[PDB]
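Neighbour counts run over all protein chains shown; Cβ positions are idealised from the backbone, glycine included. Every read-out reported here was derived from the displayed coordinates using simple, explicitly stated rules and does not represent laboratory data.
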There are 2 protein chains.
Amino acid sequence: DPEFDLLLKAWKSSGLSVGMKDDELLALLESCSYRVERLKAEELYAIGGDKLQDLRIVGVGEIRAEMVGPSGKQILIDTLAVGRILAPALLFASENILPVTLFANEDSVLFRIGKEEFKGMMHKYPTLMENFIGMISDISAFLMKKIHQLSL
Amino acid sequence: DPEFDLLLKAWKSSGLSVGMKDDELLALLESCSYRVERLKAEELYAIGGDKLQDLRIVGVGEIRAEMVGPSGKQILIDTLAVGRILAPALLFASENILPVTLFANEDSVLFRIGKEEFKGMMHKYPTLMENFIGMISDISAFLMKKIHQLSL
């Protein structure tokens, strides 16, 4: 399959596409410029805080992702399959950005979209805007419930 | 060569040089071919399994190193200054090698020496060999004490 069809399959399986017709989703992705990151199975990768300001979607495979605090502990372990977005709540962050660690359970591929380009894509489609905002908002709610779990 | 002087200072401050005559240190290091890995401050890096079979010594800076288990927990957090060896007990390992992650608290430099080269260096100088084996042995003993700590 062409790379573009992998990207479409990942988006249709993503929460970003909910409520969007196939026509406007196709148009959005046909005009999009993206880069490809390939993760070899059973390897560990690190992404610093300064390089988390792009939209990353799992195009192929499955990855165990974790945040790394300032002291060294890895929190928020999560396994992302095709269609999930890597650390979306940190895309538009300007402070307190924790580095991320990724382990490939298979041969995996992430598609990377620039910050400014994704901002334009969100402006053009209000549905994509609300869906991404709801994604990061639900992440915030989950983090708050976890904080209550950890609090004494 | 200034970088070579940094390598020499890192060795003299390392446990590898204990008991060996300064002339032998100079001779050992002048015949050695090495690579230079530079870590930008506040960035996180991952050194995978088979990429761990090289001798790495902290040349400049200070680095927070941690092992990553298969589930994702980070164990054995340690802060290495100039002169420390990074995961020396895994240099000659053949199985059960966990990946490492490294966080630079400053601009840092590690000097990388090949496995084969270090094997030769240790054959030629018995003192360096005994020092490295004492390093690896004390690490094993520390791990055993920690295992007793964590045991039920």
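On the basis of being surrounded by fewer than 19 Cβ atoms within 10 Å (Cβ to Cβ) and closer than 16 Å to B:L28 by Cβ, does B:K124 make the cut?
Values: surrounded by fewer than 19 Cβ atoms within 10 Å (Cβ to Cβ): yes; closer than 16 Å to B:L28 by Cβ: yes.
The answer is yes for B:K124.
If a residue has to be closer than 20 Å to B:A81 by Cβ, of a type outside the set (D, E) and surrounded by fewer than 16 Cβ atoms within 10 Å (Cβ to Cβ) to count, how many in region B:106-121 make the cut?
Keep residues of region B:106-121 that are closer than 20 Å to B:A81 by Cβ, which gives B:106-113.
In the following step, the residues that additionally are of a type outside the set (D, E) were identified as B:108-113.
Going one step further and asking which of them are surrounded by fewer than 16 Cβ atoms within 10 Å (Cβ to Cβ), we end up with B:112.
Qualifying residue count for the region: 1.
Hey, A:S140 hits all of (1) touching a residue at least 24 places away in the same chain (Cβ under 8 Å); (2) surrounded by 12 or more Cβ atoms within 10 Å (Cβ to Cβ) but one; which does it fall short on?
Of (1) touching a residue at least 24 places away in the same chain (Cβ under 8 Å); (2) surrounded by 12 or more Cβ atoms within 10 Å (Cβ to Cβ), only one is false for A:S140: (2).
Could you list all residues from region A:12-50 that are exposed (fewer than 14 other Cβ atoms within 10 Å of the Cβ), among the charged types (D, E, K, R) and within 14 Å of chain B (Cβ to nearest Cβ)?
Hits for region A:12-50 are A:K40, A:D50.
Scan region A:20-36 and give yes if some residue there is out of contact with any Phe, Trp or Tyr (no Cβ under 6 Å at 6 or more places or on another chain) and within 30 Å of B:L102 (Cα to Cα), otherwise no. First the steps, then the outcome.
Start the filter on region A:20-36 by keeping residues that are out of contact with any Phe, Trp or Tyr (no Cβ under 6 Å at 6 or more places or on another chain), which leaves A:20-33, A:35-36.
Next, only the ones that are within 30 Å of B:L102 (Cα to Cα) stay: A:35-36.
Yes, region A:20-36 contains a residue that is out of contact with any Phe, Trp or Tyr (no Cβ under 6 Å at 6 or more places or on another chain) and within 30 Å of B:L102 (Cα to Cα).
Going through region B:71-85 one residue at a time, which ones are within 14 Å of the chain's Cα centre (by Cα) and either farther than 22 Å from B:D138 by Cβ or within 14 Å of chain A (Cβ to nearest Cβ) (or both)?
B:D78, B:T79, B:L80
Tell me which residues, restricted to region B:38-50, are in a strand (DSSP E or B) and over 13 Å from the mean Cα position of the chain (by Cα). If you could, list the steps in order and put the result at the bottom.
Keep residues of region B:38-50 that are in a strand (DSSP E or B), which gives B:38-39, B:44-47.
Selection gives B:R38, B:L39, B:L44, B:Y45, B:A46.
Give region A:65-84 a look and list any residue that's crowded, with 18+ Cβ neighbours inside 10 Å, without any contact (Cβ under 8 Å) to a residue 60 or more places away in the chain and of a type outside the set (A, V, I, L, M), or say none.
Within region A:65-84, A:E66, A:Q74 qualify.
Conditions tested, residue by residue: (1) among the hydrophobic types (A, V, I, L, M, F, W, C); (2) more than 21 Å from A:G72 (Cα to Cα); (3) assigned to a loop (DSSP other than H, G, I, E, B); (4) more than 15 Å from the chain's Cα centre (by Cα).
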{"position": "B:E95", "(1), (2), (3), (4)": "no, yes, yes, yes"}
{"position": "B:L102", "(1), (2), (3), (4)": "yes, no, no, no"}
{"position": "B:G120", "(1), (2), (3), (4)": "no, yes, no, yes"}
{"position": "B:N131", "(1), (2), (3), (4)": "no, yes, no, no"}
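Just name the residue that is farthest from A:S71 (Cα to Cα) out of those in region B:51-70 that are in a strand (DSSP E or B) and at the interface with chain A (Cβ under 10 Å from one of its Cβ atoms). I'd like the intermediate steps shown before the answer.
Residues of region B:51-70 that are in a strand (DSSP E or B), as a first pass: B:55-60, B:62-68.
Those still in the list that are at the interface with chain A (Cβ under 10 Å from one of its Cβ atoms) too: B:64-66, B:68.
Working: B:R64: 9, B:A65: 11, B:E66: 11, B:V68: 15 Å.
Once the filter is applied, the top-ranked residue is B:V68.
Out of (1) within 24 Å of A:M67 (Cα to Cα); (2) more than 13 Å from the chain's Cα centre (by Cα), what's the single condition that is false for B:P2?
Of everything listed in (1) within 24 Å of A:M67 (Cα to Cα); (2) more than 13 Å from the chain's Cα centre (by Cα), B:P2 misses just condition (1).
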